[PDB]
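Quick note on labels: first sequence line is chain A, next is B, and so on, each numbered from 1. Note that these values count all heavy atoms, side chains included, but never hydrogens, waters or copies made by symmetry.
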Amino acid sequence: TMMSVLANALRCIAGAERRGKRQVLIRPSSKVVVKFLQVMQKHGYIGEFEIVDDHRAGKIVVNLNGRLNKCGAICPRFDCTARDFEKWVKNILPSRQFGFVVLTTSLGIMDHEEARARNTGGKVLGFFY
Amino acid sequence: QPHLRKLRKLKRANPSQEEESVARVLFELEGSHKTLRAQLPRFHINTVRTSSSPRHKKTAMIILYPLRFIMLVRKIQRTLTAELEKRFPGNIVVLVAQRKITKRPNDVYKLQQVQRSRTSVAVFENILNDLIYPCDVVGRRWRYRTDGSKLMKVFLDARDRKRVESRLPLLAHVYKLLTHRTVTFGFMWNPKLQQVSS
RNA sequence: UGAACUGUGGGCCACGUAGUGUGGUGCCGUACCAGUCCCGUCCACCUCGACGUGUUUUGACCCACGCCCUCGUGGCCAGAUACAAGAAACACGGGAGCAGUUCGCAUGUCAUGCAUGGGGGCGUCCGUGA
RNA sequence: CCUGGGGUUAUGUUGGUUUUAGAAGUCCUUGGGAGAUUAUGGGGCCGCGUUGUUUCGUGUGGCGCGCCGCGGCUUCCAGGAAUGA
RNA sequence: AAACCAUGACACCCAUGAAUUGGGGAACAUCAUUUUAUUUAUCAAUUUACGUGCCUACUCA
Ligand SMILES: [K+]
Ligand SMILES: [K+]
Ligand SMILES: [Mg+2]
Ligand SMILES: [Mg+2]
Ligand SMILES: [Mg+2]
Ligand code: NA
């Protein structure tokens, strides 16, 4: 059965961008999925997306602009101390010049660059570049 | 005077002009109308509010009443609003029930005990149903633009277009005034297949 | 190892942005529609009373910077609405180095009596939690 | 939330008898304002008869609402507030 | 056991043309009797079309 909604959604987006599609449909939706997409959109990696209501878990349609190379989830959600950001950047990112690691902290869901500014650790959710 | 029985007990000592005018119309409607003669002697309102904007030249009149009479009002609506509009030219009359909202607690144990009718999401969507009552929502979408802006759109059945389209710009203003949230409206011919009118 | 949900607000200026719709203002040249005349019957042209395109402001999205909000509705203009067991409601001089902070005369004199003269925070116990 | 009823101190000190009041519970009653779900739900005692707003181009055209029945009494009754599938 | 697909179970995405096995919808048969729109268009407001053979001198509409 399906055990992770976030992992399912990120696999659908990465698969569609590999095939050069313009839109992708994601089902089911969740609060964590929407927050993850808002971080990607703020940095300019996807574009506009829309949520459709069906009185159950919703559906999401995402528009892709072709700037996203790969996104993925990290399972299980390992803890990350504020001094451990460099270790994760070295392991799962193409370089130290671009790309983001997404964390869930007591201040909310954010990328690793913002978390370093606020000096907070948390649990690693995923990445995109 | 007997017409003051249509107001809540606290407002009876020193009523406002708008509340007094509405109370007078309701009492006259009590003994005159045929259908409204029943189910009216059990009804009394809380307060009356008035809103307007430089655009939407018509004036909005909002009437709030206790939540107990929601079953009474539902059967009576589509007729009470028609007669009240006749006696108040230049105004559009809206009937909304007064509801309470429980602030979201922080403990998981406290959250499990919250009554779901007092949730903010549930209350706001019920106020929307109190507006445009004879029609019903056939769809709802949320749009997230490239900038942080977020929009909510509500679709209505296109069969009721001739009877509700004139009041849509004013009803969105009232919804913003009561909930501090913005809503956009659309019409859907064939809601089963999600076909948007144009 | 295990699906979704209770929820992240709004105003007022300012001014460099700042996307969109709705209306203002003038509008060379081009294009479109409607007229007039004219050729053709299988394939072409003229001249006008408007719509466009392009300006320039309004206005709603956006970021930066200040202020404000009982910071949904309602209810006041000290109580209630919510929140506070770091809370409320009782009480203890053996409780605060003299019973905390705020709107020379008296007692005693056989005395070293050489003594003594609204509301909010302190300490210590007892009832109140779902 | 309120007002009118009922049925441990302090008297100079210690030790004994006796009370007046509180408070509590416990039944009636007045004042007031609330309610997240309509006192109008059941019988019988029965008897009678079976032109005013609102769109849309002054005006036209659309506008929506309106233009076993009645009857007094009585007793019993909480039975609608629950995220969605 | 060459107990073989020499390929563990559950869940997601995934391009194309001919076929096939079971069920259903449309069709056949049986009954019953939106505005618009003179000056339009950026991802359409309706591609839903179509007949045959057998059949009471009944495991049958
Ligand atoms: K074997
Ligand atoms: K089969
Ligand atoms: Mg979960
Ligand atoms: Mg099920
Ligand atoms: Mg083997
Ligand atoms: Na084999």
Side-chain angles (χ1 to χ4, degrees), chain A residues 1-5 7-9 11-16 18-19 21-22 24-31 33 54-58 75-76 108, chain B residues 8-10 12 32-33 35-36 38-43 46-47 49 55 58 62 64 66-73 76 79-84 86-92 96-102 104-105 109-124 127 134 145-151 158 161-162 165-167 176-182 187 189-190 193 195-198:
Chain A
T1 53
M2 182 174 296
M3 311 256 165
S4 180
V5 163
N8 182 254
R11 223 185 178 176
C12 287
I13 284 167
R18 188 187 235 247
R19 286 185 332 267
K21 304 288 280 181
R22 266 186 261 97
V24 68
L25 183 80
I26 291 156
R27 161 201 56 108
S29 147
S30 107
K31 265 141 39 156
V33 173
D54 46 353
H55 289 332
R56 313 140 169 96
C75 303
Chain B
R8 101 182 262 201
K9 271 189 179 26
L10 191 95
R12 274 169 193 175
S32 144
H33 213 279
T35 103
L36 298 164
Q39 311 199 67
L40 224 33
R42 265 151 285 135
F43 184 52
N46 270 346
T47 162
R49 286 204 47 190
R55 88 289 298 131
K58 309 231 82 52
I62 316 153
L64 290 148
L67 187 48
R68 333 164 217 150
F69 309 125
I70 193 159
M71 276 318 136
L72 192 151
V73 166
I76 273 299
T79 306
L80 193 65
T81 164
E83 316 286 35
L84 278 160
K86 268 152 59 155
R87 268 56 87 99
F88 292 103
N91 304 43
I92 275 147
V96 175
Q98 162 78 31
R99 294 176 188 81
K100 201 151 253 283
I101 289 181
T102 287
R104 196 196 136 101
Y109 313 108
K110 288 223 203 54
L111 185 82
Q112 278 165 169
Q113 303 306 318
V114 172
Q115 174 177 16
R116 292 289 208 125
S117 319
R118 306 174 114 97
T119 268
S120 153
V121 157
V123 167
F124 286 168
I127 287 166
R145 265 108 73 81
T146 26
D147 34 323
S149 66
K150 204 241 280 184
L151 270 82
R161 198 189 206 133
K162 273 199 195 284
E165 223 212 335
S166 346
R167 328 149 49 94
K176 174 83 153 33
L177 178 91
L178 276 163
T179 66
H180 292 3
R181 316 252 187 274
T182 117
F187 286 104
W189 81 276
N190 198 314
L193 301 191
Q195 296 309 123
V196 182
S197 169
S198 55

Task: Side chains of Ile76(B) and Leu36(B) in contact at under 4.5 Å (non-hydrogen atoms) - done: yes
Shortest side-chain distance from [X], nucleotide among [options]:
{"X": "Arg42(B)", "options": "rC61(C), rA39(D), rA4(C)", "value": "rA39(D)"}
{"X": "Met2(A)", "options": "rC61(C), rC12(E), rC13(E)", "value": "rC12(E)"}
{"X": "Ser120(B)", "options": "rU8(C), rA81(D), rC61(C)", "value": "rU8(C)"}
{"X": "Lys31(A)", "options": "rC5(C), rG75(C), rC61(C)", "value": "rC5(C)"}
{"X": "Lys86(B)", "options": "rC12(E), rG52(D), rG7(C)", "value": "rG52(D)"}
{"X": "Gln195(B)", "options": "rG7(C), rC62(C), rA45(E)", "value": "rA45(E)"}
{"X": "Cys12(A)", "options": "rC13(E), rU6(C), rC65(D)", "value": "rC13(E)"}
{"X": "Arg27(A)", "options": "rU6(C), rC12(E), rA34(D)", "value": "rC12(E)"}
{"X": "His180(B)", "options": "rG10(C), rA4(C), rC13(E)", "value": "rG10(C)"}
{"X": "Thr119(B)", "options": "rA39(D), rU6(C), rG2(C)", "value": "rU6(C)"}

Open item on the list: Distance criterion of 3.5 Å, no angle test: do you see the side chain of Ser197(B) paired donor-to-acceptor with the base of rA45(E)?
Closed with: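 Per atom types, the contact qualifies.
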Just call it for [X]: base, sugar-phosphate, or nothing, with non-hydrogen atoms closer than 4.0 Å on any strand.
{"X": "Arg55(B)", "value": "nothing"}
{"X": "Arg145(B)", "value": "sugar-phosphate"}
{"X": "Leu67(B)", "value": "base"}
{"X": "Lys58(B)", "value": "sugar-phosphate"}
{"X": "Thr1(A)", "value": "base"}
{"X": "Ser117(B)", "value": "base"}
{"X": "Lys176(B)", "value": "sugar-phosphate"}

- [ ] Could you tell me the separation between the CD atom of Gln115(B) and the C1' atom of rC5(C), rounded to a whole number of Å?
- [x] 16 Å
Task: Gap between atoms CG and P, on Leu10(B) and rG75(C) respectively (whole Å) - done: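 Atom-to-atom, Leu10(B) to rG75(C), this comes out as 8 Å.
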Are [M] and [N] a pair by Watson-Crick or G-U wobble criteria, both distances short of 3.5 Å?
{"N": "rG16(C)", "M": "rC63(C)", "answer": "yes"}
{"N": "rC12(E)", "M": "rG51(E)", "answer": "no"}
{"N": "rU58(C)", "M": "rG86(C)", "answer": "no"}
{"N": "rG7(C)", "M": "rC92(C)", "answer": "no"}
{"N": "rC98(C)", "M": "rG113(C)", "answer": "no"}
{"N": "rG52(D)", "M": "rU60(D)", "answer": "no"}
{"N": "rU59(E)", "M": "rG49(D)", "answer": "no"}
{"N": "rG49(C)", "M": "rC33(C)", "answer": "yes"}
{"N": "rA23(D)", "M": "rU17(D)", "answer": "no"}

What pucker, north or south, follows for [N] from the sign of the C1'-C2'-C3'-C4' torsion?
{"N": "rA115(C)", "result": "north"}
{"N": "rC31(E)", "result": "north"}
{"N": "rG24(E)", "result": "north"}
{"N": "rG95(C)", "result": "south"}
{"N": "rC12(E)", "result": "north"}

Please answer whether the main-chain N or O of [Y] pairs with a side-chain N or O of [X] as donor and acceptor at a distance below 3.5 Å.
{"X": "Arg118(B)", "Y": "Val114(B)", "result": "no"}
{"X": "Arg18(A)", "Y": "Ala16(A)", "result": "no"}
{"X": "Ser4(A)", "Y": "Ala7(A)", "result": "yes"}

Task: Phosphate contact (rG74(C) OP1 or OP2) by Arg49(B) side-chain N/O below 4.0 Å - done: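 For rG74(C), OP1/OP2 do have a side-chain N/O of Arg49(B) under 4.0 Å.
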Open item on the list: With nearest nucleotide decided by heavy atoms, which residue, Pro41(B) or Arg116(B), maps closer to the 5′ end of RNA chain D?
Closed with: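 Comparing both residues, the 5'-ward one is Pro41(B).
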Open item on the list: Which is it for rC61(C), anti or syn, if anything within 90° of zero counts as syn?
Closed with: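 You should classify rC61(C) as syn.
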Task: Upstream residue (5' side of RNA chain C) when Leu151(B) and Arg99(B) are each assigned their closest nucleotide - done: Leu151(B)
- [ ] Could you pick out which residue, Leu177(B) or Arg181(B), lies toward the 5' side of RNA chain C when each is mapped onto its nearest nucleotide?
- [x] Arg181(B)
- [ ] Indicate whether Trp189(B) forms a stack on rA45(E); treat it as stacked only if centroid distance is below 5.5 angstrom and interplanar angle below 30 degrees.
- [x] yes
